[PDB]
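Reviewing the structure listed below.
When we count neighbours, we look across all protein chains shown, and the Cβ atoms used for this are built from the backbone with ideal geometry, even at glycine. None of the figures in this text is laboratory data; all of them are computed from the coordinates on show.
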Amino acid sequence: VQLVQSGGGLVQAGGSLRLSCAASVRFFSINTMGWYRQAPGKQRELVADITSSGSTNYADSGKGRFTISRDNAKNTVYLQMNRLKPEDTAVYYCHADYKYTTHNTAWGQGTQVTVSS
Amino acid sequence: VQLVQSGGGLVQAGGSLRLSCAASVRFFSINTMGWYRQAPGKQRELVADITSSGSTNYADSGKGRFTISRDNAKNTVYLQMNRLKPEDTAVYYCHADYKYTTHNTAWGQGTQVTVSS
Amino acid sequence: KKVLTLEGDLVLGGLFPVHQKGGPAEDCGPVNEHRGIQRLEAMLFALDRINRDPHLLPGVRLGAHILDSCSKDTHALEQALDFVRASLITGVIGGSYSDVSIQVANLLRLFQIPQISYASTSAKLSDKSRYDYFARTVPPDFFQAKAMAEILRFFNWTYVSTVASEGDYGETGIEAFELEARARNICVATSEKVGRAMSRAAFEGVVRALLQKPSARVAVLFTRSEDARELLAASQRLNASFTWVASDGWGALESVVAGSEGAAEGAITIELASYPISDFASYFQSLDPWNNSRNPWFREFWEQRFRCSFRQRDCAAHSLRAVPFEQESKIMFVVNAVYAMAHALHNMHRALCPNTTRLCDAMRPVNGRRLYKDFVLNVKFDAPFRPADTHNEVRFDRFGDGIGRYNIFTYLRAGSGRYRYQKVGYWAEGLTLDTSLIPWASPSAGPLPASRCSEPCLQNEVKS
Amino acid sequence: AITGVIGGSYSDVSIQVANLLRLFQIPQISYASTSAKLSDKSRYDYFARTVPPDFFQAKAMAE
Ligand SMILES: N[C@@]1(C(=O)O)CC[C@H]2[C@H](C(=O)O)[C@H]21
Ligand SMILES: N[C@@]1(C(=O)O)CC[C@H]2[C@H](C(=O)O)[C@H]21
């Protein structure tokens, strides 16, 4: 499946932001959809994930942040910037888990989320 | 499994030839081994085959000819030319069937024979 | 190895399986009299139609560099290398088999030039992360396995067998079929694979390995044309008569039942949903080996079809109009692919050259990325040579594939004078069967061949 | 002229570069790709690796 993303935004610290990630159904049962952050040439870190059944997990530094909401109808995940900081200057991505003989994960394009002074 | 051939020879019609074809076991159970004849750019045609259990098969017009004999210890086949015909100018290829998740068939090199008047 | 080249402003490539599978002697042997030659001539006919079309590239005459894949990955990749020697053409309408299109896409994305396949339905070709400069008019083959599983569930075929070819078509097809059969309570008896360089004895051994389970009265197929033909021949020689479930490899092809029409009777096969082109038949019937020197493969096909010998000049009176002609389920797809490439080039021209008609300075270097991006979205046109009843149109989805529609044929009419198939149903986001046309499925003739582990014992006395 | 390639470690990269080298008539060795698919010399006449194929390791794991 293809993952489209919207809502990059250029806000300062302490502002609000909405990052949306949608996908195509294609009669596929996407069983997990979440978000990731990483820098060009580095490892990726999970920030938020939902297994489409209620189990929601976050990062070690984003337990009280990164509020996410998804629905099994449109297969769209919306993330909100609760509290911003100058440490999340990395580019974000959203992933979708589909299990069709491969258990592969489909990623999306890049969305630039940077917070300055 | 790789196939090697020998016994080219050069004689007129009515002579005897010994087409030998050996292979490497590599703990592979070659269940069937035989010969085919064809020309570059044409379709293959079977002339002799042994399934390593006494049951042998020949061509539609070569039942009384093309004496084939295979061995299980050395994994080699030997074909005889009792009576040569001018229509036997096609090139021969020995094949061996191996079943390792693929049921593939391995061939060898061509030994072009020539029958004159 | 002969090269077929046309003259035009911009040339597009093509890779067609004109020759059959390569034998042990040469790289490729006999000529595909029904798949390679017919699709090649259909591409040539559609190119001639576009060159005479005032609405599609009026001033820009698009050429052709169509070549033969010889039904082998090595020869296909060598021809793709001959393609990319210029950048080392603009597009490539080529690739029938799955692995051929896989290797061609691997070599063409390396040079950033698009590719619109016409017969390869492999699911892994839809992976845009690995094959981004690739598209196809045929849809993928994971819901084709869904259609096969729905057909099997329609006839209550639980304990079934499987057979496929090694590579990228049989593996993914069998995987999808198993995943969609485990969800429909349909079991796999024997999961096997066949190779490429095969013989009659290997297929006889395959039939013997499938005969040791008499409970599996039906075996689904994801093989190619030659593999299905050899399997049918081996089952006919071993007196094994059981219904098959074929993929696009067999489809509605008459060369698979050539000689083995007995062991293939009552075999439910699935082909792509298409229509016979009313203008390609008039083009192919009017072909002659002397008035069509543009294609030497046509001369070879004429020599190998009518048992001709050009060194004997004997068959100077034969013609295609005398013999019966039957199109394929992919001629529509090859003409849709070349017309989609032409429409993409036309839209790119009208976007980059909005004043003149011929190519411009910014058009001579054709950027494959921008061309593919302008093709995947700015291509929506009614299918060429479409009947007046249907409203079919060529639309490429997000993955560069076609709409999901299949036809279901069966081999019947055991009389030697009317050996043919029969469309019994269509699969389009759902299953539709008409058992009144299937001989064995009708209850008046007899019960349908069941394929289960044990009999449906009654709960009254014996428990489950 | 490269005159040979020490090849990749993974298998997909290995088969891809082996295809490209067969196109250009270039030998190839390998050191980590233990795939048995690369043992088929009909498709990869080059790519003679110093590591055993997959089925040896599969038999080892079965034992
Ligand atoms: N089903 C295949 C495929 O790759 O999708 C494999 C064999 C063959 C069909 C064709 O040539 O039209 C195509
Ligand atoms: N086992 C692999 C192989 O292709 O044989 C796949 C992953 C990796 C090992 C390596 O890089 O040394 C090699």
### region C:112-130, residues that are away from ligand 1 (no atom under 13 Å from the Cβ), in a loop (DSSP other than H, G, I, E, B) and buried (at least 24 other Cβ atoms within 10 Å of the Cβ)
C:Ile113, C:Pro114, C:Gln115
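Can you find, within region A:1-29, the residue that is surrounded by the fewest Cβ atoms within 10 Å (Cβ to Cβ) among those that are within 14 Å of another protein chain (Cβ to nearest Cβ) and among the aliphatic types (A, V, I, L, M)?
Looking only at region A:1-29, we keep the residues that are within 14 Å of another protein chain (Cβ to nearest Cβ), and these are A:1-4, A:22-29.
Subset that is among the aliphatic types (A, V, I, L, M): A:1, A:3-4, A:22-23, A:25.
Details: A:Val1: 18, A:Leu3: 21, A:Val4: 14, A:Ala22: 18, A:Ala23: 21, A:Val25: 11.
The selected residue is A:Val25.
From the list C:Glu328, C:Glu303, C:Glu271, which one is surrounded by 15 or more Cβ atoms within 10 Å (Cβ to Cβ), away from ligand 2 (no atom under 16 Å from the Cβ) and within 14 Å of chain B (Cβ to nearest Cβ)? Please lay out each step first, then the result.
Values: C:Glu328 fails: within 14 Å of chain B (Cβ to nearest Cβ); C:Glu271 fails: within 14 Å of chain B (Cβ to nearest Cβ).
Exactly one residue qualifies, and that residue is C:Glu303.
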### Task
Taking the options C:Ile102, C:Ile113, name whichever one is within 14 Å of chain D (Cβ to nearest Cβ) and not hydroxyl-bearing (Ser, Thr, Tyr).
C:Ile102
### Message
Considering only residues that are part of a loop (DSSP other than H, G, I, E, B), small (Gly, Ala, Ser) and within 12 Å of chain B (Cβ to nearest Cβ), which ones fall in region C:181-208?
### Response
C:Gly195, C:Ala197, C:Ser199
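For region D:27-43, which residues satisfy the criterion of being in a loop (DSSP other than H, G, I, E, B) and within 12 Å of ligand 2 (Cβ to nearest atom)? Show your work before the answer.
Here is the first cut: in region D:27-43, the ones in a loop (DSSP other than H, G, I, E, B) are D:27-35, D:40-43.
Of everything in region D:27-43, those that are in a loop (DSSP other than H, G, I, E, B) and within 12 Å of ligand 2 (Cβ to nearest atom) turn out to be D:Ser30, D:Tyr31, D:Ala32, D:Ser33, D:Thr34, D:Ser35.
Report yes if some residue within region B:82-91 is within 14 Å of chain C (Cβ to nearest Cβ) and in contact with an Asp or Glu (Cβ under 9 Å, 6 or more places away or on another chain); otherwise report no. Give the derivation first.
So in region B:82-91, the residues within 14 Å of chain C (Cβ to nearest Cβ) come out as B:89-91.
Filter once more, so that each one left must be in contact with an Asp or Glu (Cβ under 9 Å, 6 or more places away or on another chain): B:90.
Taking every residue of region B:82-91 in turn, at least one turns out to be within 14 Å of chain C (Cβ to nearest Cβ) and in contact with an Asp or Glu (Cβ under 9 Å, 6 or more places away or on another chain).
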## Note on the structure
D:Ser14 meets each of (1) over 21 Å from C:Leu108 (Cβ atoms); (2) within 9 Å of the chain's Cα centre (by Cα); (3) within 9 Å of ligand 2 (Cβ to nearest atom) with one exception, condition (1)
### Task
Could you list, in sequence order, all residues of region C:156-180 that are crowded, with 24+ Cβ neighbours inside 10 Å, more than 11 Å from chain A (Cβ to nearest Cβ) and within 13 Å of C:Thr223 (Cα to Cα)?
C:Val163, C:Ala164, C:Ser165, C:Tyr169, C:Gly170
### Query
Among C:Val256, C:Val245, which is the only one that is on the phi < 0 side of the Ramachandran plot and assigned to a loop (DSSP other than H, G, I, E, B)?
C:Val256
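Name every residue in region D:1-11 that is more than 9 Å from ligand 2 (Cβ to nearest atom) and either more than 9 Å from the chain's Cα centre (by Cα) or surrounded by fewer than 14 Cβ atoms within 10 Å (Cβ to Cβ) (or both), in order of residue number.
Start the filter on region D:1-11 by keeping residues that are more than 9 Å from ligand 2 (Cβ to nearest atom), which leaves D:1-7.
D:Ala1, D:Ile2, D:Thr3, D:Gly4, D:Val5, D:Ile6, listed by residue number.
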